[PDB]
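# Observations on the three-dimensional arrangement
Given next are the chains, with one letter for each unit.
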Amino acid sequence: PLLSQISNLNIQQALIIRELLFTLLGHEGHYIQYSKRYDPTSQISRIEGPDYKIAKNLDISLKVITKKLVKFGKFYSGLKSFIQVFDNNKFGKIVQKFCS
Amino acid sequence: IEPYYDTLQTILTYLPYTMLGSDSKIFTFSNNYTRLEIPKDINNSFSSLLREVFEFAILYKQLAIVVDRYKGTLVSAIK
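Residues numbered from 1 in each chain as written, not as in the entry; some residues may be left out. Chains lettered and ligands numbered in written order. Part of a larger assembly, values for the part shown. Heavy atoms only, no water.

### Thoughts on the overall build of chain B
Scanning chain B from terminus to terminus reveals two helices and two strands. In sequence order, the secondary structure elements of chain B are arranged as α-β-β-α. Radius of gyration (C-alpha) of chain B: 16 Å, far over the 12 Å computed for a compact globule of 79 residues. In terms of overall dimensions, chain B has a C-alpha envelope of 60 × 20 × 20 Å along the principal axes. Each of the 79 residues in chain B was classed as buried or not, and the buried ones make up 23%. On chain B, roughly 6300 Å² of surface is accessible, and the fraction owed to carbon and sulfur atoms is 56%. A distance of 13 Å separates the average location of the 8 positive side-chain charges in chain B from that of its 8 negative side-chain charges. (Helix = DSSP H or I, 4+ residues; strand = E, 2+ residues; numbered from the N terminus. Rg over C-alpha atoms; globule rule 2.2 N^0.38 Å. Buried < 20%, exposed > 50% of the residue type's maximum accessible area, 1.4 Å probe, protein only. Areas by Shrake-Rupley, 256 points an atom, 1.4 Å probe, with all protein chains shown as cover. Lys, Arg positive; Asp, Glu negative; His and termini not counted. Charge placed at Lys NZ, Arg CZ, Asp CG, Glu CD.)

Put into structure tokens, the structure is as follows:
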């Protein structure tokens, strides 16, 4: 369903919560989408994590609260991609143990 | 009294979001979160009461700004 079509606050809150549970793990949702600047090919882009854009039809208060929480998905995705890069022999025992 | 007294439970719907220092559909911060604008359709009495309640919101927002800004910048251990 379109986000603008829904007018009730409770429905919007539940929908954004359902979409947010997956966002916190780094996945896209129906109403939270990756920014066009995020290129998975680039190493630095993967390490720094993806930036998310929120659908313009969300309620203003819910949009602000979501914009605060979105950063946690960014950190998780960045760390998960950090492990898959820095955990090899060429980066030494210190970095490997930190990846642990 | 309902027919003879006009004013916007609806306040309590959007009040929690304002108390946590976040923008609301009927209350909007401005000037770097230093003032809060009470909308039209809030007659004298309710506005006068809210002016006391909103003291917590603005003060908490200022404290949150300070905490977020100086979290890991200050070098002195005391601060």
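Now, onward.
### What about helix 1 (residues 10–19) of chain B?
The set of residues buried in helix 1 of chain B consists of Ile11, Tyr14, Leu15, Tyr17 and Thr18 of chain B. For helix 1 of chain B, the secondary structure elements touched by its buried residues are helix 1 (9–23) and helix 3 (60–86) of chain A together with strand 1 (28–30), strand 2 (35–37) and helix 2 (44–69) of chain B. Directly after helix 1 of chain B, the chain includes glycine 21 of chain B, whose backbone phi takes a positive value near 65°. (Contact = heavy atoms within 4.5 Å.)

### Regarding the interface of chain B and chain A
Listed per partner, the contact involves six residues of chain B and eight residues of chain A. For the pair chain B and chain A, the two sides together bury roughly 580 Å², of which 70% comes from carbon and sulfur. Taken together, the links from chain B to chain A amount to zero salt bridges. Counting across the chain B and chain A interface gives zero residue pairs in polar contact. Among the residues making up the side of chain B that touches chain A, the classes are represented as two nonpolar, two polar and two charged. (Buried area = accessible area lost by both parts, 1.4 Å probe. Salt bridge = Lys/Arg side-chain N within 4 Å of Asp/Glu carboxyl O. Polar contact = N/O pair within 3.5 Å; in protein donor to acceptor, adjacent residues only side chain to side chain. Nonpolar A, V, L, I, M, F, W, Y, C, P; charged D, E, K, R; others polar.)

### Digging into the packing of aromatic side chains
Summed over all chains, the structure comprises seven aromatic pairs over all chains. Aromatic pair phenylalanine 82 of chain A and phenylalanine 98 of chain A: ring centres 6.0 Å apart, planes at 75°, arrangement edge-to-face. Linking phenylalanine 82 of chain A in helix 3 with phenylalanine 98 of chain A in helix 4 (residues 92–99), this pair joins segments that are 16 residues apart in sequence. Seen in terms of ring centroids, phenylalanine 86 of chain A and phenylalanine 91 of chain A are 4.7 Å apart; in terms of plane orientation they differ by 35°. Their pairing is tilted. What links up through ring pairs into an aromatic cluster is the set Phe82, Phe86, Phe91 and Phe98 of chain A. Positioned over the ring face of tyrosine 33 of chain B is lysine 61 of chain B, at 4.7 Å from the centre of the ring. (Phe/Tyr/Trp six-rings, centres within 6.5 Å; stacked < 30°, edge-to-face > 60°. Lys NZ or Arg CZ within 6 Å of the ring centre and 35° of its normal.)

### What to know about unusual backbone geometry
Notably, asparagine 32 of chain B is not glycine yet its phi reads approximately 55°, a positive angle. One can find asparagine 32 of chain B in the loop between strand 1 and strand 2.

### Here's the deal with the pattern of salt bridges
Should their charged atoms come close, side chains of opposite charge can pair. Evaluation of the coordinates by the stated rule reveals two salt bridges over all chains. Each of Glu48, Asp51 and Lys74 of chain A takes part in a single network of salt bridges with overlapping partners.

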